[PDB]
Structure formats: C-alpha cells, structure tokens
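So this first bit is one chain, no partners, the form deposited in one PDB entry, shown in structure tokens.
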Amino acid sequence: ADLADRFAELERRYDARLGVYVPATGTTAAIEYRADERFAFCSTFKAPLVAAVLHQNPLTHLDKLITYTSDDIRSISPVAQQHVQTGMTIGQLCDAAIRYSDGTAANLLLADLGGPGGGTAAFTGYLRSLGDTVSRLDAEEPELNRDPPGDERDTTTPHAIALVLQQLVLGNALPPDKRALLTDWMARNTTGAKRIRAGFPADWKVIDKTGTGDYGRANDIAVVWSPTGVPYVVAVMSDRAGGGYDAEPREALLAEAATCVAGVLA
C-alpha cells in the first residue's frame, strides 16, 4: 500500500508539490513527506506572530489601541478597513490575523514586534527561541506571498512549522492564559473549512491557520484531537510552481492529504 506512494499519487493528480509533517507522539511514528523542503509561509506565519506578540507583553497589552490609515491597508483585509476610523486593539488584531487572515492586522502586529524589517527579524528571532533555525520571514503582506520558487525568503518547512505549533498549543512555550487565547482563535478560524477540517471526520476536533499565495500556494497548519481526546499536529503545504505566478492553488489537495493522515492516525 504505503502512505508515501499515496502522497505522490496526490501530487500527480493535482499537479502540485506536497509537504506533510505530523510530529511523533508517545504511540505514533512521525509522518513525513517532503517535510524538510521549503515552502512559502504565506499566512501560516500569522499564527506564531500572535504568539510572539503575546509572549513579549503582559495580557494588559491586548487592551492597547492601535491607529492606522488607508495607506496602511494592503493585502486581503476583511476586518481592518471597517476600523480605520476607530483603530483596533492589539487583541482585536490578533483575533483578525488568525480568524480572518487579515493581512493589515498581520502587519501591525509585526510593527508592534519591533525593529528592522517591520518586525520580520524580531519574528524570525521569536521562532529561533523555539528551536526553529530554518524558517524566516523577510517581507510584510503581500510581498511575502510573491517570492519565486527556490527563493528561501519568507519560507518554512512542514517539519519546522509543525514543531513550532506543537510547542505553542500543546507545549509550554506560552503560559496557560495566553496559550488559551491562541488556541481559541485558531479554534474559531473562519478560513479553513475546505482544507484540513474537510479531510478529518467531523468528530475529530480541528483548529487551524491557513495560507494562500501565488504559484498555486495553499497551506494549512492544524492541531487535531481524535474522538477520544488524543492530539496530533498536522502541517500540510503545497504549491504548483510548474504553472507560474498565476497558478491556481488547489484546496482539495490539502483536504485529501489530510484524509490520508486521518487514516493513519486512526
């Protein structure tokens, strides 16, 4: 049979490169397919960005109002344009950056992180405090979805991002109150219904953060719980460089790969 042969069949069917990592657990072996190849973050980074901001500041910091203007509003931003008059709090921005992939919100949080490159260095720094020596962020939104294939900037690997998300949600990288805020935002995500959620049976709990870009880029990083409460971490990333910048991302690919994963964890 063999799970690798199946991921390769998915690649051929969807004409795409697929990366899958599920960290090991006390009872299950790691699941790997191109787990160490680089793929663009796209929006998957907005999840550990929220953790970085939570980590560097006391809970009271979520109450801080942030003001911005229309020139600040770039990339997909369903929440931010409805609050240019009023501004948004760090907390509301965290909510928006995760549940709606609001790109403007991802940029303000990067700005809040501080330093050179709009926050990208501080952020990459934050990933390093978690052992992730591979991932890097260099541009803000949207330039960060546009890097060409082979360019290492604004990339991670399934193996890397899985191990980060595991530390954040199931590990002790954040104290419980902050861990709970992060976990909840990912739990009430609105952008991921046709990706990893779609591939796992309904009676498995699924929290996630999606990513989409050019070159057929489609990602979903998730924490799932079996019907009897057993957690796993699942990172699935894809692109379709064969078709150029205008290549269509295929969400069914991520969902199918997730069903293959579910079958192996079952």
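From 1 onward, residues are counted along the sequence shown.
One more form of this protein exists, namely the form solved in complex with a small molecule; it is left out here, but the text below deals with it.
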State yes or no: in the entry with it bound, is some non-hydrogen atom of residue 225 no more than 4.5 angstroms from a non-hydrogen atom of the small molecule?
-> yes
Does any heavy atom of residue 121 come within 4.5 Å of a heavy atom of the small molecule in the entry with it bound?
-> no
Does residue 212 reach the small molecule in the entry with it bound if we count a contact as any heavy atom within 4.5 Å?
-> yes
4.5 Å heavy atom contact, residue 38 to the small molecule in the entry with it bound | no
Okay, which stretch from 227-235, 30-38, 61-69, 47-55 lines the small molecule in the entry with it bound, with non-hydrogen atoms inside 4.5 Å?
-> 227-235
The one option of 131, 117, 176, 148 with any heavy atom within 4.5 Å of the small molecule in the entry with it bound is 176
